[PDB]
């Protein structure tokens, strides 16, 4: 049982709510007071559990025996998933009124960049629910079960998804193109062309990321945001975002969002979670 710290406020209800909707069956388990999921670091496999202690603003992490050797990297992954580094006072100060609603809003990251990349692609032109349902089938088919914890299955590894038959993934509910994008992503991960950690120059990296087959602007932005935890990325192509900005084109929305620099990623979250949100006038 390890412990990590965070700076108040931290809207935990919103965070687990966010992960619960996107949770992949037989990978993650999200509840009101904790989060848990299978996790593979090299040949080390197990179950990671995160328990927040709101009062003492400390997150308690529990690892199953198979992950102890790489505990540190497991702790590092949890910190990036829950954005423990965030300084709410600064972000809310810059965001101003926009963040006034819920100052405890955090940027949901990930546990592994290759996995998230896979999720972003699977999230293409489809709802959160449909996406999760699809990702579960993919994990069910190409994932490996935990010996000590039979109820859990590890997200498919790059090697496995590299040799997956395009048609096989196709049958799960995606176009051939989508299935080929994933296959390529798998090989990119194997070679090391896919940045597993946030790069010094995000824009350049995203640019390179889009030269990949099946990776558009939305997927690219979304991946950077969750996959690298980039704080200044907006999604002008996002379907929900369009709803929030009626009539305005992607370019206009992109122009509108410049006012939240250099925290557009946090701006994106708040806009996503303010129901009756609407733009100004000028």
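Superpose the two forms; the largest set of C-alphas matching within 1.5 Å is the rigid core. Residue numbers count along the first chain shown, from 1.
Annotation: of the segments 38-46 and 243-251, 243-251 departs further from this form in 7 other deposited structures of this protein (C-alpha atoms, root mean square over structures and residues, core superposition).
As recorded in the PDB entry, 269-277 is the stretch of 269-277 and 7-15 with the greater mean C-alpha temperature factor. Taking only CA atoms, the mean B-factor in the PDB entry is higher for 85-93 than for the other of 85-93 and 110-118. Which of 194, 198, 206, 71 has the largest Cα B-factor in the deposited entry comes down to 206. In the PDB entry, the Cα temperature factor peaks, among 42, 46, 227, 52, at 42. Ranked by C-alpha B-factor against the other modelled residues of its chain, residue 100 falls in the highest third. Annotation for residue 242: C-alpha temperature factor in the highest third relative to the rest of the modelled chain, per the entry. For residue 80, the recorded CA temperature factor ranks within the lowest third of the chain's modelled residues. Among all modelled residues in this chain, the alpha-carbon of residue 36 has a temperature factor (C-alpha) in the lowest third.
Per the deposited record, the Cα B-factor of residue 231 falls in the lowest third when ranked against the other modelled residues of its chain.
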